[PDB]
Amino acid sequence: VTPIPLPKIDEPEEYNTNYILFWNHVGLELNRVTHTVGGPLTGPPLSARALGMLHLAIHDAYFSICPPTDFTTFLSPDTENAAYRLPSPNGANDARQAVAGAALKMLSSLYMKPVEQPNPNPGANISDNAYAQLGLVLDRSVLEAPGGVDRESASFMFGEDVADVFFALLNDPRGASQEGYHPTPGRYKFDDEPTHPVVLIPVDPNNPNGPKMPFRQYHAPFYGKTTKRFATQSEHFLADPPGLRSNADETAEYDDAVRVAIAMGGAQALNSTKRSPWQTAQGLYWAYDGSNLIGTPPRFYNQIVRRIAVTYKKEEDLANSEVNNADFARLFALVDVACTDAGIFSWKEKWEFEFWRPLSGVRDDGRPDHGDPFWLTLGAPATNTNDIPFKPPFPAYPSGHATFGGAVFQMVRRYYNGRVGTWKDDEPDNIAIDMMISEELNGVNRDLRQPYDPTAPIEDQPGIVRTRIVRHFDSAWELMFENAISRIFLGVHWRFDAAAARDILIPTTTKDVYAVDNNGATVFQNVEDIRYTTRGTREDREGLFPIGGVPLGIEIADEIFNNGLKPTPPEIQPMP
């Protein structure tokens, strides 16, 4: 087992002298490694879930040893229901070791090879190498942990017991299963993406150079409807997308969404592409579409939140401050739980509606004055591989990115309001950051000329290097907005997958048709002016519902925070 050479992270080394940030970092390393080797917990919703689980375990371990005043542990040690009962410390008094035990046990439980009975799903089998690569990440982390790991300490053992409770309660090992799901083709209907209709996978994952079999992937079609939610207190729902159900009559909106999709999301060289070079950069910056050495969007959102956390920390000392430890333990629990539930509800809605992606909608439109049967997108970047850009293997509405960003950045806003500045709950903040680099645009990662070599550093492999782009942002509101519209620029989402067009685009005197510049490129409202307020109807449910991923994530974050981070009541979990 030759270890994957992981490239340098653009972050100050001082961050990992904090033990809360250190274990977050280990979680992110496992995220990017698992997406390089084909391990467990791949894909956006489940990778979010792993981080939520990590940070809940860290949170309750830490706050058992260091009791907070403004909130409580997520689980109570006094609960009668065994499944929800937090272990007691019984003399254990070392928070650093409690956190190490919780983090290590949780991450080992999540990423280790399952023992006996051969727990492996046919078509979703994981190689021995993949588990070994992840094991090495964990082993290396033990030696790097600031202040060390003492496995014999009572506090460490207490942390492990905390992890065991959370793992038993919240793990969903087969949550991403696709057994029995099949597309139902037709107008507006999700189906195999035409540039990647089938993939060849090894018959035996431990013989990768051996015989192959075709596979049609559908990412987690049952997860949203069946999995246990973390901290939400209701079910969340979106308006019918234009073209479907109660909004089947929104023809002007749908037709203009097609026009905008072509102009803003097409391949670089197409005569019909009106996107600017800067908008390409905005598209790629936020991608993290499961690529080698990069992982999934929750990894990027955590990288950003680490910078926010250190920028706005209350004490200078990252190593020896209980104020900083408590601050980070609480923030990352709030953020990664919100990211988890955002994954659940975005997936639930995605598979409820089964709305097609722009590539298929544009190609299969069927009307000469609207469609283009030969259109190509900029696409989800296939970074650190020789593969062509793609369409993520799940339905369009709402965008996962949009929802995750809504939840993560609204949570950051609720947490820091009063501290960094003051704003109304739904208005722009001043949580600015600088020197923020995306691994999609870092001067190191690349579009390779040949298949990725997992035994060599990325810099030693021929390819076209991604330009290094160092960013500043004014606010979490800006982060949330740009993250959402990035997907329009890639051509992987409709405008309404992000938010109501009315809330992000500039209107004209024609209803549902939005402004373009002299070249036909879409104009956006200024960040300071953006309000996610525009609602729509549902065929199956009375009332007014948000449109697209951003307001879905916002509402999830607000509900979680308003309830002080407490578990979803057992009685409202899915049962069926």
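One rule holds for the numbers: they count along the sequence shown, beginning at 1.
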query	finding
Stretch exceeding the other in mean C-alpha B-factor - 77 to 85, 456 to 464	77 to 85
Mean temperature factor over C-alpha atoms, higher-scoring stretch between 240 to 248 and 492 to 500	240 to 248
Largest Cα B-factor, entry values, listed residues 28, 513, 547, 48	513
Out of 353, 390, 301, 374, highest CA B-factor residue	390
Modelled-residue ranking by C-alpha temperature factor, third containing residue 151	highest
Among modelled residues of the same chain, the CA temperature factor third for residue 204	highest
Among modelled residues of the same chain, the CA temperature factor third for residue 125	highest
Chain thirds of CA B-factor: placement of residue 214	highest
CA B-factor placement of residue 68, once the chain's modelled residues are sorted into thirds	highest
